[PDB]
Amino acid sequence: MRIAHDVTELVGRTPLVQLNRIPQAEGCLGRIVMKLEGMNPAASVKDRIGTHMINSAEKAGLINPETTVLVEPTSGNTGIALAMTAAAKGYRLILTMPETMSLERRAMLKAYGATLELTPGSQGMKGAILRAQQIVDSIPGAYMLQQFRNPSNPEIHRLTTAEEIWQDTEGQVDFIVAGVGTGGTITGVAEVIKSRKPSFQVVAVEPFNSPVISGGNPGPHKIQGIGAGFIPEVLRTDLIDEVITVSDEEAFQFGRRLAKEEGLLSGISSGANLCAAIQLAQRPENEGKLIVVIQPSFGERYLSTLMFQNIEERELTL
Amino acid sequence: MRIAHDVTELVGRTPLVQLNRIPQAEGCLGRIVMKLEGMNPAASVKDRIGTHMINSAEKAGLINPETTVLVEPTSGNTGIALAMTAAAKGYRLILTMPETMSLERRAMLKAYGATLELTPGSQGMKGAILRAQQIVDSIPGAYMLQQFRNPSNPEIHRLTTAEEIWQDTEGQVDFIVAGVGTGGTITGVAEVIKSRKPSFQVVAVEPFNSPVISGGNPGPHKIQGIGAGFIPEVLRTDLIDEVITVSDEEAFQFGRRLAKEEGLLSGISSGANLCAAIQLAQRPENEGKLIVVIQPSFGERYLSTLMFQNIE
Ligand SMILES: *Cc1c(COP(=O)(O)O)cnc(C)c1O
Ligand SMILES: *Cc1c(COP(=O)(O)O)cnc(C)c1O
């Protein structure tokens, strides 16, 4: 009988889909397909690390539902993934965040029964991290996921994401194009596929306004999900063949085009990923080559984010 | 290579998941599992009919993306599904709705590039239907999908939803519990499975203040997605064994419990479905029986619509 024990067994195994209009309109020579991480149970790639970081820590005997309080600073999708996972497996979870985070995302975390603690909006993610550290020190048995440093983050991408790409393309994949958040996705795929296919190339994506992997300064940008303004510990920097930078407006416009010309409602990072993949596919040396690009999230979350953001902007003017 | 041509090929094939806390805490004797329609590409059961109603019409040679303007009087998940399908297959799509529609669902429809035609609030759904008819009659080749009347609606559920339930339970399924919106889901499942297993039982769900299938009067309610205030043409009332009515607050509460106790963020109609399933599963005669419950949508959409009306 095909009945899952709980929702955490339903993450990953996401499909590939070809693009029928955008690459053609852009005169692409390479072949672009999208991996739909938006089709995870809670609609983002995170679901893979939300589940595995906890599974890994359980399997190692570090954590237990009856005793361990989970803690993590997070203003993005990892919080949602952890909240779902914790509710499914019976964990108490505390998430810390800046007050600036969308009300929609706060309601999402609370809906899953996560405990929220807000931190000053000016202190950014830095205040959230410091507060998260206190809470772990305050609670015996407590455990910090540390998504940017946790080895089980790239591990799950090695074990699942990479194998799905390898199998579904039957070894034909020539490129991965992936925006870097924690860097877990691109790293796991790079580690596995480069070891089987040395010709396989790895293309990282980051905001133009925060071009840190390219060697520039960190900065404010609007590509939610990528570009944390430092180089994450879990990122295998040695495996990256190229970084492409994408403006906020490019990322947004290609997101609009994915929705309207392909029927793929996606977050802004999907638009960033595609933008970079388009440039890559236009290069003559890449004709006939198979480019896998990640859609990190379904776009409905981002849409309500933009809606609440617009409401707040109009009431804060003058 | 295992690569879909487009997103419409990624619809359905949704998983079953067991519940580990709610039925146990309610002293259930039957076994409850949820079918997660929230895992469709645009996060609702609708994706099946949005795609298939268009697909069926193409194979009948009635429509073509190059010439056909699609039209439907809908504000809800069907609109979203049709908009995704139209965008994926290259169709122009016009959706009509009263001007009293939630901006989140309007925003979603525009995100997919659907054309929206708003109708007066005073006219309700009837005004949207009438305007949709006028648009159709005005445009040569234009085609209305008519979700409540279209036979391809129950068809897709016969061909996919029912087969997935049958196969995934290896024929062991004893009950389907599903709220009725168009009634396509419950009808398609009933038709196929009752044919294969006469003992199999069909339990419909409707709102307490609109108990129309039970034989009552249409009224207002908060269970989004079900209870349209009439019996749809596509619903096969003859195949239903029992109707359970659920209140707004019961549906909402069980929705909350799905989120917090199972990690299954679901719409309010999932809460209503589960509520009915719990009562069913508490009956001694149903001990050990396998109850399949529809989760019609992922709950992010509904949570979002709630918050915007808390500002409106
Ligand atoms: C996590 C995430 C990324 C990047 O994924 P990593 O594995 O963390 O590099 C991109 N976009 C969105 C929306 C995300 O949630
Ligand atoms: C469609 C829908 C239902 C009922 O499905 P039908 O097949 O139309 O009966 C229930 N809830 C929600 C949220 C829906 O979108």
Side-chain angles (χ1 to χ4, degrees), chain A residues 37-38 40 42-50 74-81 147-148 153-154 156-157 161 178-189 204-206 223-228 232 234-235 251 255 266-273 294-299 301-302 305, chain B residues 37-38 40 42-50 74 76-81 147-148 153-154 156-157 161 178-189 204-206 213 223-228 232 234-235 251 255 266-273 294-299 301-302 305:
Chain A
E37 296 300 304
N40 281 288
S44 89
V45 64
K46 283 332 185 275
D47 287 1
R48 298 181 186 266
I49 74 177
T74 170
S75 63
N77 288 317
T78 301
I80 290 156
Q147 64 169 329
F148 292 96
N153 173 345
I156 194 59
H157 293 292
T161 317
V180 171
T182 68
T185 301
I186 204 179
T187 295
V189 174
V205 187
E206 73 180 350
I223 318 182
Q224 164 92 51
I226 69 173
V234 289
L235 183 61
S266 312
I268 191 170
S269 61
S270 301
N273 284 1
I294 291 93
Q295 177 211 59
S297 63
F298 188 60
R301 190 164 304 154
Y302 184 68
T305 282
Chain B
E37 296 300 304
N40 287 288
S44 87
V45 61
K46 292 329 212 268
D47 293 0
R48 301 183 188 258
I49 69 172
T74 183
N77 288 326
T78 307
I80 292 166
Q147 67 172 316
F148 292 102
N153 174 345
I156 193 62
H157 293 293
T161 315
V180 169
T182 62
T185 299
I186 203 168
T187 295
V189 175
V205 182
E206 65 181 348
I213 307 158
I223 321 167
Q224 216 160 113
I226 68 168
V234 298
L235 175 60
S266 312
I268 191 161
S269 66
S270 301
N273 287 357
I294 309 291
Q295 182 217 50
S297 61
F298 186 57
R301 189 161 305 154
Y302 176 74
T305 68

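First listed ligand is number 1; within each ligand, the first listed atom is number 1. Numbered from 1 within each chain, the chains take letters A, B, ... in sequence-line order. Computed over heavy atoms, backbone and side chain alike; hydrogens, waters and symmetry mates excluded.
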N/O to N/O under 3.5 Å, ligand 2 against protein:
unit_1: ligand 2; atom_1: 7 (O); unit_2: B/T185; atom_2: N; d: 2.9
unit_1: ligand 2; atom_1: 7 (O); unit_2: B/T185; atom_2: OG1; d: 2.7
unit_1: ligand 2; atom_1: 8 (O); unit_2: B/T182; atom_2: N; d: 2.7
unit_1: ligand 2; atom_1: 8 (O); unit_2: B/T182; atom_2: OG1; d: 2.6
unit_1: ligand 2; atom_1: 9 (O); unit_2: B/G181; atom_2: N; d: 2.8
unit_1: ligand 2; atom_1: 9 (O); unit_2: B/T182; atom_2: N; d: 3.4
unit_1: ligand 2; atom_1: 9 (O); unit_2: B/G183; atom_2: N; d: 2.8
unit_1: ligand 2; atom_1: 11 (N); unit_2: B/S269; atom_2: OG; d: 2.7
unit_1: ligand 2; atom_1: 15 (O); unit_2: B/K46; atom_2: NZ; d: 3.0
unit_1: ligand 2; atom_1: 15 (O); unit_2: B/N77; atom_2: ND2; d: 2.9

- Separation of A/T305 OG1 from A/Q224 CD (nearest 0.5 Å):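 If we round to the nearest 0.5 Å, A/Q224:CD and A/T305:OG1 are 6.5 Å apart.
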
Among residues at least two apart in sequence or on other chains, which ones pass side-chain hydrogen bond (donor to acceptor under 3.5 Å, both in side chains) with [X]?
X      : result
A/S266 : A/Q295
A/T74  : none
B/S297 : none

- Query: Of B/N153, B/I156, B/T185, which meets side chain to side chain contact (heavy atoms under 4.5 Å, CB included) against B/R48?
  - Reply: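 Filter result, single survivor: B/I156.
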
- Do the side-chain N and O atoms of A/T182 and A/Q147 include a donor-acceptor pair separated by under 3.5 angstrom?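 No, A/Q147 and A/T182 have no side-chain donor paired with an acceptor closer than 3.5 Å.
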
